[PDB]
Amino acid sequence: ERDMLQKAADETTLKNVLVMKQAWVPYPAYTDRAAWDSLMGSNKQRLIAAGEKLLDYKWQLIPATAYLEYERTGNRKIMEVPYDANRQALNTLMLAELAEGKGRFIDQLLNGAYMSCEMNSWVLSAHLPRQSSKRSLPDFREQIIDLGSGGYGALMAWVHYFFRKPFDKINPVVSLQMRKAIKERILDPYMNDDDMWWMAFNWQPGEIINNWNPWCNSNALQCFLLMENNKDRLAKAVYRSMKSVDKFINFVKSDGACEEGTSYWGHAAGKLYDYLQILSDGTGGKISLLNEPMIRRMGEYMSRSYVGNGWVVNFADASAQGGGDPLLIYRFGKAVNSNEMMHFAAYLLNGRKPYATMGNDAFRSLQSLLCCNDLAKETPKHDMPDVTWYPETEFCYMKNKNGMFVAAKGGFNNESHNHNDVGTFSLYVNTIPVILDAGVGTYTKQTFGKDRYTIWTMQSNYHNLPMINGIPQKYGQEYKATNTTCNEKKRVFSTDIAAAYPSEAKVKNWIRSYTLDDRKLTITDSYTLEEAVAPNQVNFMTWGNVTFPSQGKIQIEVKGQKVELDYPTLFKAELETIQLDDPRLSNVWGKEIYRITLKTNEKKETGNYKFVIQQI
Ligand SMILES: [Zn+2]
């Protein structure tokens, strides 16, 4: 309960600082060719060519049966593919006409606008069932807002903004109808319906708030700034949006870590960024949270979590492969003054020149024009401290100058997209995973619900952890780490994992600690049991070519990198193959990965283990 936005301003403040008549718009007038040419640079010929490919595009109708099919079989794409094709065509035509300015794409822009007004709804078939009737087919008497419609509305709102005058010379009824449509589909419902789930008014402990909140609020805000010219109404809308986005800010951890990982980052933190940018532009910079430390940390998480060559930290149900929109990361970094994020975005270009963002997100497409020149000039660098420590999320990243990156966590077995992974770690060498975290599989019916933890990728058994007295970690809020420390100077992470295990595990304490020096990672386990009932087992997950050249040495060679894992000789080491049937995994790891199991006949109440990993 920080309520940063409500603290920065109330409705009265708003009315005083809002900029009317779209005077906040940062792009040249459509008629201002010279300014368009300077801004566009070599985006110009590129966008013109993209536009030219759409001069005979046939606007796709979406049939009733395409919406009905979501109820019949679960099929989303039958409806979404034509929808998105139309939305991308309209977005591209907008950029091409800005680029050229000779009227050549105006007729297709007009067609696209008009057809969109004729559609009963801009809501995806998969989301329409939130409406009162609970059906997947649009109900012409009612509109809700979803991720799609919000974006559709904002795009239409921008097309109205740039092309009203040429449209009106052709026939003023087109722009009239667009204003009515955006009113019925965005403005009205946004103001009149308090109960949309992603707005999070009336939010209750236990309910979820997620990326839908800053994403939909950012799209709504644009529609208001572009289309609502009554200031009393506008101030009320904007204020409503700040109270709504305050709920998201409130729920997010202050340390800046996105515990869903980097593939939500873009539409989570990145749409919070978008929202604050639009809110700042809309108030002449007077209502801005972009200087807040927390916002900078949310941005930088993308940088710190990105190991290299596509590989990212992937605690929880998250892909080990990752990436980002470099242009967005730049604009975010510039806005919160992170040179790290700006250098990072240039590194993420992989030596390409930055061009306009295409797709269907008007705001991002337009904003990408403003940033291309500067990002093109930025020096590519992925620098960062040796240690990043997120104390509230309990994620610790530690690196050395000879290519080792370790990610470790404390936490609790009820995070978003939870894996039972209190205490785990991941090791990368020159960006390549060497001790890995499997990550996300294809969804089944067992994925949510009891039985979630019957899927192997969610079990502690298949993370880099012990089975204490042969027992794994248990799912649940109070199965958790205690006394997690990170000593940033010495690169020591340490946590007691005992409480993440159930009573059957009969453990008092188990301290799992990671130390990273310039050449090597040392893992230690120091444990006290209530009763020695079964041998403990220690597991490590890996891939490539694994060899066992003597007791207790394992060598791992993968993608050019080579390590040795030194383990206590009381342990017998075995390698189990895990043939990957699931494409969502085999597309990251290939055909198979391995669990190294370490098993003993010894049983005692007290013990410690040391393991050491170094390059060779
Ligand atoms: Zn995992």
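Here every chain is numbered from 1 following its written sequence, which may not line up with the entry's numbers; residues without coordinates are dropped from view. Processing note: side-chain calculations cover all non-hydrogen atoms of the structure and skip hydrogens and water entirely.

- For this coordinate set, the PDB header names X-ray crystallography as the determination method and states a resolution of 2.030 Å.

1. A word on the domain arrangement of the protein chain
For step 1, the next point in the chain: Taken domain by domain, the protein chain holds domain 1 (22–193) and domain 2 (387–615).
For step 2, the next point in the chain: Note: domain ranges come from an automatic or database domain assignment. On a C-alpha basis, the centroid separation for the pair domain 1 and domain 2 is 48 Å.

2. As for the side chain of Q108
For step 1, the next point in the chain: Helix and strand labels come from DSSP, where a helix needs a run of H or I of at least four residues and a strand needs a run of E of at least two; each type is numbered from the N terminus. By secondary structure assignment, the location of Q108 is in helix 7 (residues 106–118).
For step 2, the next point in the chain: On the basis of relative accessibility, which here comes to 8%, the residue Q108 falls in the buried class.
For step 3, the next point in the chain: By the criterion applied in these results, polar contacts are pairs of N or O atoms within 3.5 Å in which, for protein atoms, one can donate a hydrogen and the other can accept it, and in which residues neighboring in sequence qualify only through two side-chain atoms. A distance of 3.0 Å separates the side chain of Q108 from the backbone oxygen of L54, its partner in a polar contact.
For step 4, the next point in the chain: Contacts: residue pairs with any heavy atoms within 4.5 Å of one another. With residues near it in sequence (within four places) discarded, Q108 still touches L54, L55, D56, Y57, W59 and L93. Here's how the labels work: a residue is buried when its accessible area is under 20% of the maximum for its type, exposed when over 50%, partly exposed in between, all with a 1.4 Å probe on protein chains only.

3. Quick notes on the side chain of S280
For step 1, the next point in the chain: Of note, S280 is situated in helix 13 (residues 269–282).
For step 2, the next point in the chain: We classify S280 as buried; its relative accessible area is 9%.
For step 3, the next point in the chain: In this structure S280 touches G285, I287 and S288, once residues within four positions along its chain are discounted.

4. Details of unusual backbone geometry
For step 1, the next point in the chain: Even without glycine at this site, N309 takes up a positive phi of about 45°.
For step 2, the next point in the chain: Structurally, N309 can be placed in the loop between strand 1 (306–308) and strand 2 (311–312).
For step 3, the next point in the chain: Not every positive phi belongs to a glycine, and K559 is a case in point at roughly 45°.
For step 4, the next point in the chain: With respect to the element layout, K559 can be found in the loop between strand 17 (553–558) and strand 18 (561–566).
For step 5, the next point in the chain: Taking relative accessible area as the criterion, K559 reaches 58% and is therefore assigned exposed.

5. Notes on the packing of aromatic side chains
For step 1, the next point in the chain: The aromatic pairing rule takes the rings of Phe, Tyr and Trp, using the six-membered ring of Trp, and pairs them if the centres are within 6.5 Å, calling planes under 30 degrees apart stacked, those over 60 edge-to-face and the rest tilted. Inspection of every chain in the model, using the stated rule, returns 44 aromatic pairs.
For step 2, the next point in the chain: Consider the rings of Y30 and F163, whose centres lie 5.3 Å apart with planes at 85°: the pair is edge-to-face. Remark: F163 occurs in helix 8 (residues 147–170) and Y30 occurs in the loop between helix 2 (11–17) and helix 3 (33–40); sequence separation between them is 133 residues. The pair formed by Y30 and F163 is uniform in burial state, with each residue classed as buried.
For step 3, the next point in the chain: Taken together, a centroid distance of 5.1 Å and an interplanar angle of 20° make the contact between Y453 and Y475 stacked. Here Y475 lies in the loop between strand 9 (466–467) and strand 10 (476–480) and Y453 lies in the loop between strand 8 (432–435) and strand 9, a separation of 22 residues in the sequence.
For step 4, the next point in the chain: The partly exposed category is assigned to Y475, whose relative accessible area is 39%.
For step 5, the next point in the chain: An aromatic cluster of at least three residues, connected via ring pairs, comprises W389, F425, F493, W510, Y514, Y527, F540, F571, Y609 and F611.
For step 6, the next point in the chain: Whether a charge lies above a ring is judged from NZ of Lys or CZ of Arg, which has to be within 6 Å of the ring centre and within 35 degrees of the ring normal. The ring of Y190 carries the charged tip of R240 above its face, separated from the ring centre by 5.9 Å.
For step 7, the next point in the chain: Above the ring of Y443, the side-chain terminus of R584 is found at 4.8 Å from the ring centroid.

6. Quick look at the UniProt feature "binding site: Zn(2+)" (unreviewed entry) in the protein chain
For step 1, the next point in the chain: UniProt positions are given in the numbering used here, feature names are shortened, and annotations may be inferred rather than shown by experiment. Taking the numbering used here, the UniProt-annotated feature "binding site: Zn(2+)" (unreviewed entry) corresponds to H419, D437 and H463. Separation in sequence by 45 residues is not matched in space for these annotated residues, since their most distant C-alpha atoms are only 10.1 Å apart.
For step 2, the next point in the chain: Looking at the element boundaries, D437 is found in the loop between strand 8 and strand 9.
For step 3, the next point in the chain: Here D437 falls in the buried class, since its relative accessible area comes to 2%.
For step 4, the next point in the chain: Excluding residues that lie within four positions of it along the chain, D437 makes contacts with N314, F315, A320, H419, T424, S426, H463 and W589.
For step 5, the next point in the chain: Here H463 shows up in the loop between strand 8 and strand 9.
For step 6, the next point in the chain: Not counting the four nearest positions on each side in its chain, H463 is found in contact with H419, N420, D421, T424, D437, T457, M458, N539 and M541.

7. Digging into the sheet that holds strand 5 (residues 404–409)
For step 1, the next point in the chain: Should DSSP find at least two bridges between two strands, the strands are taken to pair. Spatially, the five strands line up as an open sheet ordered 3-4-5-7-8, and their pairing is antiparallel. Here the strands that pair on one side only, and so sit at the sheet edges, are strand 3 (387–390) and strand 8. Ignoring strand direction, the axes of neighbouring strands in this sheet form an average angle of 20°. Axes here mean lines fitted to C-alpha atoms, for a helix over just the part in contact, with angles spanning 0 to 180 degrees between N-to-C directions.

8. Comments concerning the sheet that holds strand 9
For step 1, the next point in the chain: Judged by pairing direction, the sheet is antiparallel, and its four strands sit side by side in the order 9-15-20-19 without closing on themselves. Each of the sheet's edge strands pairs with one partner strand only, and the pair in question is strand 9 and strand 19 (572–579).
For step 2, the next point in the chain: As paired strands, strand 15 (residues 537–542) and strand 20 (residues 592–599) are joined by six bridges and run antiparallel to one another. Its bridge partner lying in strand 20, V538 is registered against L598.

9. Examining the coordination of the zinc ion
For step 1, the next point in the chain: Protein-derived ligands of the zinc ion are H419 (ND1), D437 (OD) and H463 (NE2), with the metal-ligand distances lying across 2.1 to 2.2 Å.
For step 2, the next point in the chain: All donors of the zinc ion belong to a single chain; written as a sequence motif, their spacing is H-x17-D-x25-H. Placement of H419 in the loop between strand 6 (412–413) and strand 7 (425–429) and of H463 in the loop between strand 8 and strand 9 is noted, with a sequence separation of 44 residues between them. Only N, O and S atoms count as donors, using a 2.8 Å cut-off from the metal and 3.2 Å for Na, K and Ca, and because water is excluded some sites may appear unfinished.

10. Here we look at the nonpolar core
For step 1, the next point in the chain: The criterion is simple. A nonpolar core is a set of buried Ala, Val, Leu, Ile, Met, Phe, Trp, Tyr and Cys residues joined through side-chain atoms within 4.5 Å. Counting residues in each nonpolar core, the largest one holds 202 residues, and the members touching the most others are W158, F163, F167, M242, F425 and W589.
For step 2, the next point in the chain: The element contributing the most residues to this core is helix 8, with 11 residues.
For step 3, the next point in the chain: The residues that make up this core include at least three from each of domain 1 (22–193) and domain 2 (387–615).
For step 4, the next point in the chain: Sequence-distant contacts of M242, defined by excluding residues within four places in its chain, comprise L5, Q6, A9, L14, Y275, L279 and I287.

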